[PDB]
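Asks: My sequence and its experimental structure, below.
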Amino acid sequence: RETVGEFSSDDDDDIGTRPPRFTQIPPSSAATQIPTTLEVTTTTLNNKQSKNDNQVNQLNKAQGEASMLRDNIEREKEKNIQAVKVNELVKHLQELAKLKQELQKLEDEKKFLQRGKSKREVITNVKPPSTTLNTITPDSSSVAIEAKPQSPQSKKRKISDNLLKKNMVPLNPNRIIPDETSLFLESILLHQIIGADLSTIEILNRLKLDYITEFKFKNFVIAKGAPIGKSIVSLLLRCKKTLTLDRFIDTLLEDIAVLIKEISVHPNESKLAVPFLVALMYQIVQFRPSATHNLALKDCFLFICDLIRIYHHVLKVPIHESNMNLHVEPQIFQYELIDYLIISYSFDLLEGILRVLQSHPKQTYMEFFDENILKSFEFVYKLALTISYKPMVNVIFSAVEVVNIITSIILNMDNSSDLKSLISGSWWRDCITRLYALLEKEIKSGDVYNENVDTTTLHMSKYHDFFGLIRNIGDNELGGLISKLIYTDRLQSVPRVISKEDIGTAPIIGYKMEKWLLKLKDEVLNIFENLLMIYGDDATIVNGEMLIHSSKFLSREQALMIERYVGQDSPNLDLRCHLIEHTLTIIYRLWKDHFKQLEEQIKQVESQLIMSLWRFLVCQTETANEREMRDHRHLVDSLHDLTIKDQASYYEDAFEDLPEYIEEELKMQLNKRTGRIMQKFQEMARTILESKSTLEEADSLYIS
Amino acid sequence: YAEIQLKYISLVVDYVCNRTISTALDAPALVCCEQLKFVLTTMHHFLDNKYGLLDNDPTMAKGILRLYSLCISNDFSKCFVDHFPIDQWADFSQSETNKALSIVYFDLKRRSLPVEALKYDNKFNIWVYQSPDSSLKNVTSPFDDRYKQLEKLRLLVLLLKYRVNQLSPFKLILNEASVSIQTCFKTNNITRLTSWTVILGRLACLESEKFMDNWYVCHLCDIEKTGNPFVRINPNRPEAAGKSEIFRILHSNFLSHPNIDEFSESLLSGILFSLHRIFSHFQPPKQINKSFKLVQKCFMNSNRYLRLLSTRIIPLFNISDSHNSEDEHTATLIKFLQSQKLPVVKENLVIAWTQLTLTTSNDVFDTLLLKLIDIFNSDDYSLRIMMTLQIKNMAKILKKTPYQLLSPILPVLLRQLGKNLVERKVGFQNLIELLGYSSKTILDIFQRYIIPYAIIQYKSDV
């Protein structure tokens, strides 16, 4: 009992194959009913994993059985698996995902066709779902820093499909069956616009195209006056009769395309229906994607990617305003607001496509991509990030997520873009050389909403903030004006004339938009790791020496975080440090797996690069006793305390009644949070950078 | 299949909350609205088929209550109203499938009627006349649920800083503090005391507003902006001597004493942050009794964290209007920092000078900037690296290019190099790397300055 672990704990701290059986024996010993007995059996591995003992999937295959049996035990095999999960620092990064995926499908597949033999096979789903369900994982996987990220949507494949079996009775009698397309009609019909009353199909139940009298395409007709919404609810009910649930959403969608197009190509009618229709098209695209959409995405994409091209003058506006341009005019905001909505809502629909395409089977991807689709895209992205023109912070997210999602899908399904049939070094490298400009804007948390020059910071001006579609980006003070332009009686074409004076007392909304902005720089990182995996350094992409731009970013935060921030009690810190710690693996792996940098000399950055490495290694000396450690939290962590004590009050974590043993974990973790705000396993990685390679001058730093 | 059912709610029920945006404080919040749209259905479609009820009321009650917490009056109210419609099963015969719901049905209609309602008898919001309402009443003790309803039922009745006051239960608070803290000081507290250390300074960042209800994160103290941070302070501002209440409270208490030398291992840091906010609003007292001695003692100690924390203070002693603006009070700081040779200091010493440079301007800045590049770019290698980081990092702050940053300092330096010329041939080529221009370019741009001093003097090298 108490002796075995007394020795085991004494054995670990005392530090080849001597424990190779011990881990196996630990796994054996773990394979009683006393909480305090088993708790240390896994904790030993974390003391045994500080070696190369990760090596493969057996440590996972040992986690395979153990957790299943115990199905306060949730996080038990999670964090200890996070030890080798975040341990990813190429090969062992990708492969270690496959053993995670095939342990789903095979656990899912035969789980469809279902005596008590399979009665447990659902419980195995109660585990693999209760593990993944981002701060306690982030191992090579489906990856993005903010929302979607696939394996979040694929859960909506399962969790619904696991509502099938449940409703399949105790002995499967009657066979109700799903509701067919009855839902898809009411959904699109009931669709709220999130922050404005009247929904859409009703707020579109009064609009009349005017200067274009006669419109027709195929069994679809709008004429003279009458609402642009009355024809719709017809076209829903018409196709509702004879249309297959899969083609329905297409031949429906293929219409709304050409409609918007005719309004799009300027006749003489102010375009108020496009802001709503585009939105309504999004609700169409995502509904139950499955294999439904095939090429319907493609023809949708080239359209929207073209439609975004008809609209320039929103995103190409000049940076500086003429002194001799005075501002005296009506100052009307409602012809801007329709300009912005169509821009934004487009750039989601782009992301809406790819995220859907990413839900389609193994080799099905190669169908879509072609020089036609990708060339068209460059003129969108290359249009978004400017550097000659005013930034716009609503597209920048969605402008990146594409550049992400493709580079996340490229690695997955093999035979890269058909061996990168259309990817041009001139094309590709251009798309990256335009991100280097991004990283260099420091987003000071309090200057967010203010006006100032660009390249200073990403400001996100108040005039355009609204939730977009996919994600709610900012507090959208005008989230409720979008219902103030529609009148609501007369059935009118032209807007109701909002005024710019009255649009938009607490700072706190400063922090949120800051934090929610900071993720974007926890994204552009995860662009890079993909980029390093794929091309194998041959092309000119890595030779551009991101270690120049990485380190120059790395060194900066290490300067500002330490000087001007720590101690001011803001929620952003914990993310900013978790940013900087991630930033090291960007270079660390770049250095280690290559070291040839394809530019010979590093003498460009050889100053800022060392002081980077230095500052981690200064932690060598390593405030050890505990009573001191709680002292600081009051000065620093107080916010992050306010939430962590807020959980166990309102929102249980499925722990926290009396997790007396794991309760000490809560005692442990808060020290790292205490630690990496002020400034480990990374330290050993740090020192490994210099010793691989003036030795006389070298001792001075060690002496320093 | 009895339990497996009831579990997949608490898989998703507690799923959608874990991806909330947090933000701590009193309001949770959610990111992707589509998420809540892929759950509220499958909670509806679950309980609606009405199967799998193993009693114990473990989950469904909390969950159907837990989601309503995210919404309440929040912008997602309607997102809750339309999808999860209870009026389906509503069924008021006075017998009301589950007895937890009635609370949330209470609140819903309770926020509906508006208009009059009635006053709170139990101290719950404003009650309504019911045919009864006593199903809500008091909660059975399930623990984590018993708090939940309490949080929901009281939401109608009407700040961070008040937490620390309530953590240990303005003229009142002062005489509350000053009388208490000294009693709180006397007998054996590192912690209970150091709690006061922070709430002191906060008051100062509040007290500066004299030149209650809603205050947190003082705008100057706690929030960044993109310029030079030390041009945001006002040089002329209340003298901390007699016009700073808190400062006084802290002075006679933590600032003299036999103990301040060796004591207060973490606590000593406490007064520092506290001391910072004080001076940031208060031009400090121009030895300055024990205060500046503390910075001495602090700066010297061999623990890393405490050192780097003291560097933050130094620039505050620099900037002042009134007494000794550009006068000696800047010079004393020079000599002290000039005094430290210690091999451990290092990183401190370099961080310091950069700060003073930022604080100064005009003619002093031009001299001081020289002194950095003078010595700190010279021989010692354990040093010269970092001096190349800072000034190249400082350039980003005030947003000039390092070459544009220099200007003047080059005509003064370059004459000396031109004096020694190629017999030296080190400091020069070490410098050109920093500016990045070609060495042939820089000289032929500056050649007017070197040649009058080149061939004539130091004729040893012609």
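Replies: On my side now, so go ahead. Numbering: from 1, shown residues only, chains lettered A, B, ... in the order given.
Asks: Count the neighbours of residue 289 for me.
Replies: I'll assume chain A. Residues within reach of residue A:289, counting by other Cβ atoms under 10 Å in any protein chain shown, total 20. The C-beta positions use only the backbone N, C-alpha and C, and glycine is treated the same way.
Asks: my question was about chain B
Replies: 11.
Asks: which residue sits closest to it in space, ignoring its chain neighbours?
Replies: Leaving aside its chain neighbours, residue B:289 sits nearest to residue B:255 (7.1 Å; criterion: Cβ to Cβ, 6 or more residues apart in numbering or on different chains).
Asks: ok, now residue A:59?
Replies: residue A:84 (6.2 Å).
Asks: and the one you found, how many residues sit next to it?
Replies: Look at residue A:84: counted by other Cβ under 10 Å, it has 22 neighbours.
Asks: Cross-check the contact I'm expecting between it and residue A:50.
Replies: No - applying Cβ atoms under 8 Å as the test, residue A:84 and residue A:50 come out as separate, 11.4 Å apart.
Asks: hang on, the earlier thing: need the contact list for the residue nearest to residue B:289.
Replies: Counting by Cβ atoms under 8 Å, 6 or more residues apart in numbering or on different chains, residue B:255 makes contact with B:271, B:289-291, B:294.
Asks: Quick check: which element contains residue 36?
Replies: If you meant another chain, say so; for now it's chain A. Here residue A:36, judged by DSSP states H and E, is contained in helix A:35-48.
Asks: nope, chain B please
Replies: Assigned by DSSP H and E, residue B:36 belongs to helix B:33-49.
Asks: so, in contact with chain A or not, that helix?
Replies: Yes - on the criterion Cβ under 8 Å from any Cβ of the partner chain, helix B:33-49 is in touch with chain A at B:33-34, B:38, B:42, B:45-46, B:49.
Asks: of those, buried ones?
Replies: Among the residues of helix B:33-49 next to chain A, the ones that count as buried by 16 or more other Cβ atoms under 10 Å in any protein chain shown are B:33-34, B:38, B:42, B:46.
Asks: Now render the residues you listed as JSON lines, adding distance to residue A:358.
Replies: Shown next, in JSON lines, are these (distance: Cβ to Cβ, whole Å):
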{"residue": "B:33", "distance to residue A:358": "20"}
{"residue": "B:34", "distance to residue A:358": "16"}
{"residue": "B:38", "distance to residue A:358": "17"}
{"residue": "B:42", "distance to residue A:358": "23"}
{"residue": "B:46", "distance to residue A:358": "28"}
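Asks: Residue A:348: what's it in contact with?
Replies: A:282, A:398, A:468-470.
Asks: longest single helix anywhere in chain A?
Replies: helix A:334-357 (DSSP state H).
Asks: So for that helix, what gets flagged as buried?
Replies: A:334, A:337-357.
Asks: Tell me the first helix or strand C-terminal of it.
Replies: Reading on from helix A:334-357 to the C-terminus, the next helix or strand found by DSSP H and E is helix A:365-368.
Asks: now the helices for the stretch 451-600 of chain A?
Replies: A:509-518, A:524-535, A:540-543, A:546-560, A:573-593 (DSSP state H, counting those that start in this stretch).
Asks: Out of those, the one nearest chain B is which?
Replies: For chain B, the closest of the helices of the stretch 451-600 of chain A is helix A:546-560, at 5.4 Å, according to Cβ to the nearest Cβ.
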